[PDB]
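Sending over a structure as structure tokens; questions will come in a sec.
The first chain written gets the first letter, and so on, giving A, B, C, D and E; residue counts start at 1 in each chain.
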Amino acid sequence: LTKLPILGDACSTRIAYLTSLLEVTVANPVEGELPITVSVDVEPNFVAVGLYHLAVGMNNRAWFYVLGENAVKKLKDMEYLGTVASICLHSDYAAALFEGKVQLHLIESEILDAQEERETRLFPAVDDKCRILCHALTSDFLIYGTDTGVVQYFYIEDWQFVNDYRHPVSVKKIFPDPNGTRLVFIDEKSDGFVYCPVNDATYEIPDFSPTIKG
Amino acid sequence: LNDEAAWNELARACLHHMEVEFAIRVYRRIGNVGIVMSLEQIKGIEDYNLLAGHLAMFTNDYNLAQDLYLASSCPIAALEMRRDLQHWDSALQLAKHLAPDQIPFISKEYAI
Amino acid sequence: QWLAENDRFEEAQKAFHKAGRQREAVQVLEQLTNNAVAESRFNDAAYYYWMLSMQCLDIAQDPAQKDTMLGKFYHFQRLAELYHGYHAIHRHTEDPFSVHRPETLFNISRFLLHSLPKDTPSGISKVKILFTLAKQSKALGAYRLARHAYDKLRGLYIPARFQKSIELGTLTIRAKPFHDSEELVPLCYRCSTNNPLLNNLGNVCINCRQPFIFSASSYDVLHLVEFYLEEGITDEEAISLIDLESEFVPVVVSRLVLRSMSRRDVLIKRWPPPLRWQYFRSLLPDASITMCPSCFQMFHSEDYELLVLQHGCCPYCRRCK
Amino acid sequence: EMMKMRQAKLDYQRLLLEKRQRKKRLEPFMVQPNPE
Amino acid sequence: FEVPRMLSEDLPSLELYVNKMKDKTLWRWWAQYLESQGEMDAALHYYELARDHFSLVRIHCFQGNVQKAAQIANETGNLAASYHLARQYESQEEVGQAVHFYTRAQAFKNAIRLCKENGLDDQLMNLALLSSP
């Protein structure tokens, strides 16, 4: 094939790689399952994946889908206020990233005694001066990065902040561990670190390649 | 492999990472007995720095042992280490800061 | 020795004890306790320690070694309380299920942590106590004590099978309202005051220092205050009077006061002759407390009947029913 | 004075004892699974 | 007790072991572990086998059938069942039943208590003579 841009994502042990211009494949070989497809309606740009959902959007949109055990249902067609950068679906909640903002919204929502405090929230806080460069979602946390170097964990379940680190420079990429507690982030100068919020301290990763990507 | 020195290296690593139980399992096969009993003696310790100091002492790094012991709950253990290890000058130093009863007696021992 | 070579060691210890033996009985009993503590039978460890305590006090009947055996008696009693408490925590963190109510585990863990500050009797691993305490305080709603439990945990070496839960709880506990529910706050009964859940001094008030009197089922706080007798008064004298009708300054009830009470409101805890009977006024006579006449532990009356029925004995001493 | 507040606290802890034992008496404790 | 620890996560192996030994403690541990996994209809089987009447009566008082708990408490004399059964009627507001059944378990301090609360005067004599000093 002439060209196939390389997109895809990971959650636990569930690959969701791109197949072709109009397709995706979802599989969990680690737990012995089969490959499926979701034949996405457009040319996708980002492909998040998670326990129970896929997601593809190209310009300002995001077609969530439900990763069942049989088939996929075009859950919704929710949209965003800017160029959607890289959404990340783990568990139930989702967190799009459009124009230096991050907008935690519940996915499978029908207004059944669900507090509107929980439906939608927009980080960075309405008033502050940041641009969330990188966020990454865990079992229950909205770890994101900033420009003034603020790595705020955000416990979704009780809907409050739990951690405020402060890196000397703009944390610009983050990758949490599967368990969620510890973290790996890269600052501007390509200087990795391992932030472990429990004991609030960063350990430097020796001999870090200058062009690490992931 | 069935190499005694390879098992010994594994044992030193297992001491180094605070893996007391698995280190005991290794040593029980190596056969070294005067450390199997010691480790079974300090398997109860829960304090992080105190246990750190003990497992340091078992890896014959006494300086780091002192360093940790002075941060643990029971610093006088570093004293006990120095006094056993016969370095009575550091014994005076550590004791003076921690215990005054050892002072005249460790002074006597150092004089002798 | 016939039972001993027949391996009936419990009965054998009972025999030597009944046989005036004071070298075989103690040695076999200590060996049995060491076996029990080696395994997970902490409740039996507590019961054997309790037997040691009362037997050694019996031995202290000898005026020659009174001073050197009351110390052993007190030490073994404290160990008995600690181990019987710790058995519940050991069960809770091992079995896939849970047996006890959350309130009882919370109270047991708090009492243990406030009675085991810096020395750990063999086998009692306080990582489990703090873990149980953190879970239970977060469940019940004492969200400030849980913060302590986790901070204290941060300085101990955690076994790998607890690390994930503890290192995630330390993070998700900062989301809680930072407040201790009033339904759990301990209350003194000598001076009105509301001691912090985590009292540094141990199990003692702050304004006064009357140590709390804990029961023996749910390790709960009790409404009994320990008054002491006057100078020239005897136990027989005190009971006679009753029936007729910043350091610590212990209260000293005097005769005209002892003639102003009734057996409804005092628990006498008659110890053997070598010791002196210590007393316990009660401040809510409407509530009830029953005192096991063997081990002189105290329980809420209602609790003690369910416990006797369930076990067929006291739970602390396994005396006859 | 001090007497009034002291008696008030004595009554509060009275009530707590009552509700506690009521909780034991009128509720059963089904064996429940543990998280780990 | 040690074997359950070792065979935890070897649940089928445990099941084989506990169904073979027939010790009435391993049976009760398995009963606990088939009540803490929401399979309450085999808890009855293993508790039945492990002669734990207090527990059977408890489960029967949970699943609304209280005639069954009454049955398992009439014949087996296990007092603990009589206690928990009486408390079940207590929450059920049956008063004579929940008094007589405390009476069964020789637990007269709860009996006199509910009696005083209800106001049964005859109860005071019937459970004061029997009562301890």
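The rule is simple: a residue touches a chain if its C-beta (ideal position, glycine included) is under 8 Å from a C-beta of that chain, and two chains touch if they have at least 3 such contacts.
Contact with chain B and chain C alike is made by no chain in this entry. Of the two chain pairs examined here, C-E and D-E, it is C-E that is joined by more C-beta pairs in contact.
If each chain is reduced to the centroid of its CA atoms, chain A and chain E end up 52 Å from each other. Chain B and chain D have CA centres that are 49 Å apart. For chain E, residues touching at least two other chains, in rising order: 32, 35-36.
Shown for chain C are the residues that touch two or more other chains, namely 95-99, 302. Here the touching chains pair up as A-C, B-C, C-D, C-E, D-E. Within the complex, the chain D residues that touch chain E are 25-28, 30-34. Against chain D, in their complex, chain E makes its touches with residues 32, 35-37, 58, 61-62, 84, 87-88, 90-91. Here chain C touches chain E in the complex through residues 39-40, 94-99, 288, 301-302, 305-306, 309-310, going by the rule given at the top. On the side of chain A, the complex with chain C involves touching residues 140, 153, 155, 157-163, 179-181, 197-199. For chain C in complex with chain B, the touching residues are 118, 120, 122-123, 125-127, 155-157.
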